[PDB]
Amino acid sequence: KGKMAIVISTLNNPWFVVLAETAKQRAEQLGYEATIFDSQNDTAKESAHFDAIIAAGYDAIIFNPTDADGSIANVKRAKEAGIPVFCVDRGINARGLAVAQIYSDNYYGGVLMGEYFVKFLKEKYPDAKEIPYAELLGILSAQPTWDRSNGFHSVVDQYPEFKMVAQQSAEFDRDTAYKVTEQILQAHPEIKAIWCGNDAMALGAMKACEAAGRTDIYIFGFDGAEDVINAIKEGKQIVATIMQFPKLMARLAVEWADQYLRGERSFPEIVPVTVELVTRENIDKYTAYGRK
């Protein structure tokens, strides 16, 4: 057997709880001990985890980086120590240092949502000369933040009726998104929609919109997390999200670490995992964190 370290960006995100626990469970099912290390969105805490993990002689690391550039020195240190690293959900801007990186096709998720954003909103406001909107960005040091925003804009920018009047990071965080949205609503009451880089931000934005009596603002998220599935299902003002498949990601990452540890050496360096569009029209095909 042996032991696997599961190092996660933060556990203050329902989606990362699922990702981390699927990995831990899969490691255990394959006969490893496994420990989850919560970095709390802090690259310094992540580095302390990597020190401790190296000292404890862990056999493999399942890694979700706080910073696509800054987390590289942690990976390098594990590698020097002979500990293979498998990235899950976020990648690093390197190569060779991770055996494999498995994460979603986040650009394509952005494109899927940009399309539905345009479609849903032109349908609600066919004659409007401007449809003003706001974007909540994820954590700026996370690859998915930009992949999703870039992909979204690749579509929505082609439709100049849509005017992005505010753009700000809410750190992939619900309470942060609440405060940020509360400030955005004061400064730009004309917005008719909010596109958010993850579901936690969608939920914070919704709470803020509801508090101001602004239940007319259509909110668009990303992840397929429990309370966003629920919101969409209950007919609330979050009308869509992009389903990711953390259970698949986590499972592959652990299985490959096991396979690596008995000599398997051909894994691809980058594996994109597909995503799907969730709407009011198809919500019944989905549950929290996956299909059914």
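Residue indices: 1-based, along the sequence shown.
Higher mean CA B-factor, judged across 83 to 91 and 156 to 164 from the recorded values: 156 to 164.
Of the two segments examined, 16 to 24 and 280 to 288, it is 280 to 288 that shows the higher average Cα temperature factor in the deposited entry.
When the C-alpha B factors of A200, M206, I191, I102 are read from the deposited coordinates, the top value falls at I191.
Residues shown: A253, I54, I36, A240. Highest C-alpha temperature factor in the entry: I54.
Compared with the other modelled residues of the chain, the Cα B-factor recorded for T181 ranks in the middle third. Ranked within its chain, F63 lands in the lowest third, by CA B factor from the PDB record. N150: CA B factor in the middle third of modelled residues in this chain (values from the PDB entry). In this PDB entry, the Cα temperature factor of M113 sits in the middle third of its chain's modelled residues. When all modelled residues of the chain are sorted by CA temperature factor, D227 is found within the middle third.
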